[PDB]
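Chain lettering (A, B, C, D, E, F, G, H, I, J, K and L) follows the sequence in which the chains are written, and residue indices restart at 1 in each chain.
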């Protein structure tokens, strides 16, 4: 998180954290309460977000569920929705952390190799993530939508 | 003192490399004494786990000849 | 390393569960104590040289043989290495206090320090005494709550060396 | 303040050397795109004979 | 015992990188014979050789 | 590394002999198997990504817990590392088959793999199961004859891992 | 400056500033007015702060103005107070900047070599900046006195 | 580097002067513009890929010979390096606008760029055209006042290159 | 580098001649001055920090603007860099004196100094004045015999700078 | 010693000792009796040298034994004289060694950080070792006084 | 490394006492033999290649199977490694003789040598016999007292190997 | 020379010359006159030394002056004696320099490549240098003969 980055930056120079870094951490802990409120809101709306996101993805990209598509079949569509659930959990982790570092460590490093081996189309990932972003931002207020959409934007850029 | 024999594992977190990297993760090397602080700090900063360090050349506790 | 937030993230990730109520309780507990931690860290940063000097005076007064000839801390070089070690211990304990987790002590302090001291011949009990001296000196400076918090990481260091 | 060997050690103990060359590869011309002016200066150095 | 030639090529490449060219006139092989010996039996890494 | 020819040359160099009838016979055996080996290596080179796909699919189908949270193949980084290791095993088995000797496996692959996996926490039994899964997939493509020859090196890798 | 550290940190990672760093800059920009008020309060009283800190320094360390002391003599004492005024100016600079960057670049890098070439004791400098901290935090309300004391503490730690 | 705050600090540090009313007025003016600067920076950061796409599209439409065979932006390496340089210019223009000061543009962009490009055969006039196309795209996204401000830093880059 | 003896040797080696009487006279002169040079070098080694202190004090008394705000030696960093440059000049002058040859002042010192100082805006006139200040302090320290010898190298450094 | 320095210089280049190195070893061993007599002379007179040197120390710089000074007090004065005893022993070690490596590795490497941790002024310590130099060279002949003064000068330069 | 002088200094320093009469006695013993050691070292360096040639010829005449096919010294590579090892032993024994102390031998030769030779398959006994051949050649070449002195360090090497 | 080695060694550590280094240079310059008269002795009788060394070399190695030998003929024997004269002048240079450095740059670096290109056998060079050693040391006194013999030994070891 922000605290870990400040600590590792200070340790790189073999120094204590400067008053500026301490002030940055103070602002971070101040914003923590709103961050947990946002993450709680997205955690409560698990099944909704997954359901509308999957429906928009499958209507926008029928080929994925059609014969020959990567998600054809009940079990493969279930795995698709399971991946969506993974990424939504990662986005909640990013919201609490204040940065995209947990998303980066769990679901972004080596994702292209994983989906190459799985024969998962990356544009399908990008569209599913965009649909998740739309649903999540819709279920939120005007303020929360910006910071939540930032993480989905980072994730889609990582897939794209 | 003058010599540490250090066996260390350095995993990878930043990326998965096309290179084999069996060379660089699990290794044993000889680091001379006044390099050991910096080397240990770098190994800890990369995320590795120092498995063992040993005296080989010099004698612990010597005053002269260091 | 991982802080308290990254710690709970990793723990809930390993079971692959979303954050429960208890996870948000832990996060609220951390963010509530963060400002006290920032005062504690700023105070310690202001007085790092003072803390190390008082702790070293206490350690070498309680164990005068360490810096008299034959002791492990007898030379300018070995004494300077000793006080460098105490400086690093104090700064890393400040880091672990800000993070709210004893992980950084595992990755960047205890990661091979035990057997480094063992091969060097550095006495463990004396190093524990120095860590305890830093603990008392730092607590008397940062007050009761920050003293308990810093002492937690100080005893982590002591038990890692023990 | 310290002379030649401490200076060489400072270069080789830098984080940059560890990330780029690690412990196994012989260094080489890097043709660095960043920072500004590093590319022309490096190329002038590496286009010169001994 | 095996892959002797590729160690030797790496050693001569290290000479050409650190000293910008071959240095046989200065007897670099005998100056660094102990060092090359430690590199071949893997006591030291490439970075320590450099 | 050494191939079959270099192995015969070394076994004749150690005894300081010129080649007799038996050495030429073993050479002829290798040059008889050479066309088969080259054809199998080319077939695998064309189909490496595939063979890896079915091998990983079989490994994860038979042991699903490896990729759910808590498994050592649970992350994009760790899943990518797993399939990377499997690709390495396939590539080096192909090298060994083309060479006709298993020295390359011990020199490159198996030298320090136990220490690295055990320190990292990689489960050996699952990796051996992956070796067997890869062998079974490859045998279907290479052909009945070349399948056993490639299986020789696959069991060499597994037993070195086991 | 806060903006300068944010930009440099982003540049070192070759990236745009994240919403967290932009929010940090937004908070610093918001608190700029309070910072300017504090800086003016410390500037308008610089003569009093210097006089009182010099006093407290010379009661607490009589050896400095005692024979054999570095500050012995009216001229050397004037140089002492001039250095104190340099550091008070740098403290006000660091207040408006939001970090200790001006303090470090103008008065901390190479200060050990400079004072060694000057034969100036560093414990004397630390005691003098502690005196200035006491005097200057006495002039401020609690919230502002804390943030000024942070810069003074950084100065004391950098001299020690 | 410098920002507006650091520039005022330096001009009052060379004179050894405490801050006057004029310096406080300059600091107030920057603190007033800070909100607009952060808004423009966030907008540009969210839309960097869009800006690069559009600007490179206009550049290669007007100068098609750059991407025809033999042109300086003809290969995947050279096209990628071209759009990477455009991304660099956008990033450092955004840094400069957020700082309120063009010193970063001289220090980290313009220093040696002219003879970098001349030693590589990169056309400098076409790079300036790309920068102007980038300025036009950015102005439409950030709004009129932010467009005027961002034009200053884009024009600083264009003039330094020319 | 090159000293008086090595200079004579190279002069005769280019001619391919054994040593004549003139070469032995030059070697005798250097051997005769060797004791004076060693005594002077020892004195300077014993008092170098002192010499730097009085030389810097004298230079900043003659030009107080250098260390007051706006001067090139005004900050802690630039004052320390000034003192470090003076330490270079003193140490390399002592080397050249002990060698009896100004070559080392050519390789290690004067090569590219003008370019560095004009790039940094370091005032060459004031640096020459600081070198002169070191010359008076060092000459007063070493004595009548060695002051003339060390003046040669200090003025060589000054003429190379100016 | 001289032997160790020659051997390490030869070993670094994987060569035998050059005629110059062997010549310097001969010069060292042929001078052994004279420097050994010097070391004895410094050894018997150690108490007298320490006491006169401490007296000169306190006379020249009285702030150390003045209030607020590092040596203020009786036990601190005993520690002051104990350090001088240490350094005189190291000087004798350097004389028998023929080089300053014993001094460097027992009492010079890390001395700045040590005395910084003890709030011991390095100008005061330099005055201490200069007083020791004056006293010790007083008890020696000119030829011996030269070499002993060279080691004391090295110590003075290294301390500050 | 430690010579005789540094060994005495280290003992008296860890005791923290000034030199005693026995310390000065050991120092006189060392200085007395220094000229003999310098002559022996110069004689050995003058004849090092000759010593290695005769010692290796004696070793491979007493054990011809070492360089015949199947022996550890049969190749140009391994024969070169053998004679290079003999060169190391000779040079470091000369170092130890000149130092008057064996600490350089175990510091820079003996540490890990037996394990390395065993891992390589180098016969320890044959290496000891090579050291003995070097001992005989060197002892015949230097003279009786220098023979005894060099034999001390040669026997140290032999006892460390075996 | 001795002075240049001391200076470059001290400059490698960014320090002044140690008491041992200054003592070494002092002993060197105190010995300048015996070095100069040894160079006198070697220069004044260089023709006789080269002639006798050539006789000894050609009597111990008749193959060189036999047909098919490298030194066969009038001109090749002249070139042989010319090389001997070169190395004698180099030994005089090294004697005055106090170290084998002038020998090392003028005649040792790249000597193996030169003599392989010329097809001059290196054992022949070693024998010639040993002969010239014996002839030149026969002319000097024992103290001087040992010193020059160390230079001839250095040369022989370099050729070997």
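Definition applied: contacts are C-beta pairs under 8 Å (C-beta built on N, C-alpha and C of every residue); 3 or more make two chains touch, one makes a residue touch a chain.
Engineer: Would you mind naming the chains that touch chain H and likewise touch chain L?
Structural biologist: D, I
Engineer: Spelling it out: a chain qualifies if it touches chain E and also touches chain J; which chains qualify?
Structural biologist: B, K, L
Engineer: Of the pairs C-J, J-K or A-F, which has an interface that repeats that of I-L (more than half of the contact pairs shared)?
Structural biologist: Overlap exceeds half of the contact pairs only for J-K.
Engineer: Among all chains, whose Cα centre is located farthest from the one for chain A?
Structural biologist: So the farthest one, by centre of C-alpha atoms, is L.
Engineer: In angstrom, rounded to a whole number, how far apart do the mean CA points of chain F and chain K lie?
Structural biologist: Their C-alpha centroids are separated by 48 Å.
Engineer: Rounded to a whole Å, what is the gap between the Cα centroids of chain K and chain L?
Structural biologist: Taking the average C-alpha coordinate of chain K and of chain L, the gap between them is 28 Å.
Engineer: Touching at least two other chains at once: which residues of chain E meet that condition?
Structural biologist: 33-34, 43, 45, 48
Engineer: Indicate the residues of chain B shared as contacts by at least two other chains.
Structural biologist: Residue numbers touching two or more other chains: 13, 16, 27, 29, 45, 49, 51, 61, 63-66.
Engineer: Taking each residue of chain H in turn, which ones touch at least two of the other chains?
Structural biologist: 13, 16, 108
Engineer: Any idea which chain B residues touch chain D in the complex?
Structural biologist: The touching residues are 23-24, 27, 29, 35, 38-39, 42, 45-46.
Engineer: How about chain L: which of its residues touch chain J in the complex?
Structural biologist: By the definition above, chain L touches chain J via 2, 5, 16, 18-20, 22-24, 27, 94, 98-100, 147, 150-151, 153-154, 157.
Engineer: Give every residue of chain H touching chain I within the complex, in rising order.
Structural biologist: 13-16
Engineer: List the residues on chain J that touch chain K in their complex, please.
Structural biologist: 1, 3-4, 6-8, 10-11, 14, 16-17, 19, 22, 25-26, 28-30, 32-33, 36, 39-40, 43, 46, 89, 92-93, 96-98, 101-102, 106
Engineer: Please give the residue numbers of chain J that touch chain G in the complex, ascending.
Structural biologist: Going by the criterion above, the answer is residues 61-63, 66-69, 119, 121, 123, 160.
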